[PDB]
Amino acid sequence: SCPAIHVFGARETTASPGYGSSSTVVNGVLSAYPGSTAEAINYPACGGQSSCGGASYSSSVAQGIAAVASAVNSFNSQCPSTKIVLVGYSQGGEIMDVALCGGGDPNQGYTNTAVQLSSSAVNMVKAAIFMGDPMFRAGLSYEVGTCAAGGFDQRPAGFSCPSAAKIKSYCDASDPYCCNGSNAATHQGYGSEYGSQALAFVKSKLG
């Protein structure tokens, strides 16, 4: 039976199968909405390490974009009136960003610039939370955080996401991968830092 709300979570590179650091927000949504359900996007979440199956970051990202699209598109067709929440942490944010906003991922060789979610799926995505997304580029309307630069896969100047209004994407200045800072620890802390903001946004969008 379809739930009223369903969440998809995508983990960061090398995280064990499941949600990884997307868990904070996924769990926040599930606890805010009893009866809601969640699934993890089971993409490689790899950067060449054997532990995660050896796929390069480029291959991992490409497979992740397709995995997000397939999972979300198929679930939407199964459950067309279910509101969808996306949560992606670091590489998991990147794959959701491409899938939802399109634009490709040129540094990763992901050449197709189309939105990968179906029209119906885009409409039922009501909130998408990205944390530590390497495609962060300061100046987009859907971004939050102290990062005034951008990450190693940053969107170009002048980018727009058709689904901007559905997104919050978080990144701080000191992060060396979504921003151009120097302290990797910042990259790991967005659940605690921004989880309440993210949940507030989700609740505002879901009702």
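Heads up: residue numbers just count along the shown sequence, starting at 1.
For the pair 85 to 93 and 111 to 119, the mean B factor over Cα atoms is greater in 111 to 119. Of the two stretches examined, 32 to 40 and 168 to 176, the record assigns the greater average C-alpha temperature factor to 32 to 40. Based on the entry's C-alpha B-factors, the most elevated value among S60, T146, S182, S70 belongs to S70.
When the modelled residues of the chain are ordered by C-alpha B-factor, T13 sits in the lowest third.
Looking at the C-alpha B-factors along this chain, the one for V202 belongs to the middle third. Annotation for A157: CA B-factor lies in the highest third of the chain's modelled residues. When the modelled residues of the chain are ordered by C-alpha B-factor, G132 sits in the lowest third.
Among the modelled residues of the chain, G150 sits in the middle third by CA temperature factor in this PDB entry.
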